[PDB]
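Reading through the structure tokens given below for one structure.
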Amino acid sequence: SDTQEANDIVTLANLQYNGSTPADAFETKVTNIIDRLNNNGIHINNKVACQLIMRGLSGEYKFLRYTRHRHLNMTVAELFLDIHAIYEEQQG
Amino acid sequence: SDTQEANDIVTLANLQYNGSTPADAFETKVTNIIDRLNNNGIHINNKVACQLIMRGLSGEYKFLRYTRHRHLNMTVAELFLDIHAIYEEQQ
């Protein structure tokens, strides 16, 4: 698409996760955005990506943005492992 | 700042210009964001940058997002020359 990169950036900058969408969908959604932008030459590294993910991460997931200060060199895969583990406990 | 690039992206993705802020401030604001992101490795070329500027460009500046289809290879400097010319005539 001619307007692909712009639409991926706007989606990435306005992520809103609370626990309604399954973690499976939300992960692949963000992972695809980062991969699509990187294929077009826009590299969003782990540091900048994690910051944008934790931004808007609300509900019972708000705390991940608080502990992030101790978490530098964090990876996107690690950040989603945290979100997944919370979703598992949200189903039961 | 440790959170500079992320804050630059959110600002670039939620630009809202109507004609209240002077074009001088709005131009240097966006131009600095693009330069900072390119220096940090987040390459935002003219095509994607202009698209993001025209997004949220509302008020009497809406029509620039309509003519953008005939305007390919339009540089950021060219897009602001348009915005400037509308701002000068607005007062």
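Could you pull out the residue among B:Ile83, B:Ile44 that is surrounded by 18 or more Cβ atoms within 10 Å (Cβ to Cβ) and under 30 Å from A:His69 (Cα atoms)?
B:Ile44
Residues of region A:59-92 being more than 17 Å from A:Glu27 (Cβ to Cβ) and among the hydroxyl-bearing types (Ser, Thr, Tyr), which ones?
Listed by number, the residues that qualify are A:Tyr66, A:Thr67.
Considering region A:50-92 alone, what residues qualify as being more than 12 Å from the chain's Cα centre (by Cα) and charged (D, E, K, R)?
Scanning region A:50-92 gives A:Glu60, A:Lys62, A:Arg68, A:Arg70, A:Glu88, A:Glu89.
Pick out, from chain B, the helices (runs of 4 or more DSSP H) lying fully within it that include 3 or more residues that are out of contact with any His (no Cβ under 9 Å at 6 or more places or on another chain), at the interface with another protein chain (Cβ under 9 Å from one of its Cβ atoms) and under 26 Å from A:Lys47 (Cβ atoms).
In chain B, B:4-13, B:46-54 are the helices (runs of 4 or more DSSP H) which contain 3 or more residues that are out of contact with any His (no Cβ under 9 Å at 6 or more places or on another chain), at the interface with another protein chain (Cβ under 9 Å from one of its Cβ atoms) and under 26 Å from A:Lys47 (Cβ atoms).
Yes or no, residue by residue, for (1) closer than 22 Å to A:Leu72 by Cβ; (2) of a type in the set (D, E, K, R); (3) without any contact (Cβ under 8 Å) to a residue 60 or more places away in the chain:
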position: A:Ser1; (1), (2), (3): no, no, yes
position: A:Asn7; (1), (2), (3): no, no, yes
position: A:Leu15; (1), (2), (3): yes, no, yes
position: A:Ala23; (1), (2), (3): no, no, no
position: A:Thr28; (1), (2), (3): no, no, yes
position: A:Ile33; (1), (2), (3): no, no, yes
position: A:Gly41; (1), (2), (3): no, no, yes
position: A:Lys47; (1), (2), (3): yes, yes, yes
position: A:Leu57; (1), (2), (3): yes, no, yes
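Can you say whether A:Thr67 is more than 27 Å from A:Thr3 (Cα to Cα) and among the polar types (S, T, N, Q), as far as the supplied structure shows?
When the stated conditions are applied, A:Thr67 passes them.
Backbone-built Cβ (ideal geometry, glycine too); neighbour counts: all protein chains shown. Bear in mind these aren't lab numbers, they're just calculated from the coordinates by the rules spelled out.
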